[PDB]
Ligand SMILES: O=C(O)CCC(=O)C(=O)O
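To begin, one chain is listed below as structure tokens, in the form deposited without 2-oxoglutaric acid.
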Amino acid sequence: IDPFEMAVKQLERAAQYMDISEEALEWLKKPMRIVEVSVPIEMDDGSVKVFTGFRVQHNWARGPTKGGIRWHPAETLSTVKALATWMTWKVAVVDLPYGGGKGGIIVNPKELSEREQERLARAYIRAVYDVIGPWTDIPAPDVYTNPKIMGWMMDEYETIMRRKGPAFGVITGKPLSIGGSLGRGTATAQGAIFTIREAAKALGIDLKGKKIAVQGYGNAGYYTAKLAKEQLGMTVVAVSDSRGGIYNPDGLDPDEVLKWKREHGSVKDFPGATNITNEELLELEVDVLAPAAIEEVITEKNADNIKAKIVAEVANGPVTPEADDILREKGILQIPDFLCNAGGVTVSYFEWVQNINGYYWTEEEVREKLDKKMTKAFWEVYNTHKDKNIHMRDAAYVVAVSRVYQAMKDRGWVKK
């Protein structure tokens, strides 16, 4: 099972639901540019090691491509291509003037020192400089990359560019000291919370006082639970990590659970709470369930047991298509993954706008703009869901691919 083949299959199953020409589909099934480079760095012991780096630009009909950089030992070209393809639809569904992009280096950064990490970031920029830029390709943080590496990459790009333009805007997720944007740390969770609120409004539910269960307690899951409790007024009854789950009918305080996890490395054995595991955690009687962890967690094995009225897929592809079916005929509103967690890329777009313009916004302005963007995206996807009587993930694919196809036709790339 190849990641890129899965992405192409999903695109074809989507195209089954819309009027798109075969030449446009063939165009969309292939990345428009793939760059594979050697990334040589000098190790701390004095030797030179060469790493493999990627930069895939799937499509740029709608504007400059956008996508993060992953530093993973299991990184492959096919994974980067699939993620760039998904980034295209992610920026299209939330209506950004972006295409799809993705980069990566096959490296285990946990065994690299800080100096070696900086050398790796600078060497990656020196290798891929010719295909990136503020108006060509804007990288961002991803798995095992963080704002510190983003700042190193921006500095190297500015050094090569000789400060002839907005070098701050070449890469997003930067520290606030150098062109960073406010509200970027809790972007994904804020977008997920906005989508959950709109979904509840669509379903006729006032979320104040009902239960939410969150799986995965990284930055996405923890902030999802926290913002749910404050903004949506819901009760957080269950959380879990890479070890096990903790459940409390009376409600868990996300700050205390985060303190527990930091102190002991796991959320397990939290005071006044029943210790459980992920598999039985997935089926608590809650109004909202937010899987925010590893992929492929809801499957036909346990899809029928799911009892959440709203499922918000913060993670990337937590739900299999079959589970999508059973969840649909069960009567449950699923927020598609690349619509639910599109808040991060939206706030990255806001950061890029601030960098390009040279004028920086406040927390309130970023928050309000993100609210409007995410509300509009959710409502367009839901209206397509109603009108075409398709699954809501298929509606998200219809919206995104329709936008990209229109942009491609407008440029004259495809004549039909």
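Residue indices: 1-based, along the sequence shown. What we label the rigid core is the largest C-alpha set whose atoms superpose within 1.5 Å from one form to the other.
From this point on, the text means the form deposited with 2-oxoglutaric acid bound, which you will not see here.
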message: Is it the case that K66, even though its partner is missing from this view, gets within 4.5 Å of 2-oxoglutaric acid in the deposited bound form, heavy atoms only?
response: yes
- request: Could you confirm whether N59 comes within 4.5 Å of 2-oxoglutaric acid in the deposited bound form, counting heavy atoms only?
  value: no
- prompt: Given that the partner is absent here, does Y144 sit within 4.5 Å of 2-oxoglutaric acid in the deposited bound form, heavy atoms only?
  reply: yes
message: If we define contact as a non-hydrogen atom of the residue within 4.5 angstroms of the partner, is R184 a contact of 2-oxoglutaric acid in the deposited bound form?
response: yes
message: Can you pick out, from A323, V345, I125, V311, the residue that has a heavy atom within 4.5 Å of 2-oxoglutaric acid in the deposited bound form?
response: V345
- request: Report the residue, out of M154, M87, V107, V257, that has at least one non-hydrogen atom within 4.5 angstroms of 2-oxoglutaric acid in the deposited bound form.
  value: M87
- request: Please determine, with the chain shown alone, which of 66-74, 364-372, 381-389, 26-34 has non-hydrogen atoms within 4.5 Å of 2-oxoglutaric acid in the deposited bound form.
  value: 66-74
field: Residues of 250-268 having any heavy atom within 4.5 Å of 2-oxoglutaric acid in the deposited bound form, listed in sequence order
entry: none
message: If you fit the rigid core and then compare C-alpha positions between this form and the one not shown, only one of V93, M154, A238, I132 moves by 2 Å or more. Name it.
response: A238
message: How about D253 - superposed on the rigid core, does its CA move between this form and the one not shown by 2 Å or more?
response: yes
message: Does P291 shift between this form and the one not shown by 2 angstroms or more at the C-alpha, the core having been superposed?
response: yes
- prompt: Rigid core fitted, then: does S266 show a CA shift of 2 angstroms or greater between this form and the one not shown?
  reply: yes
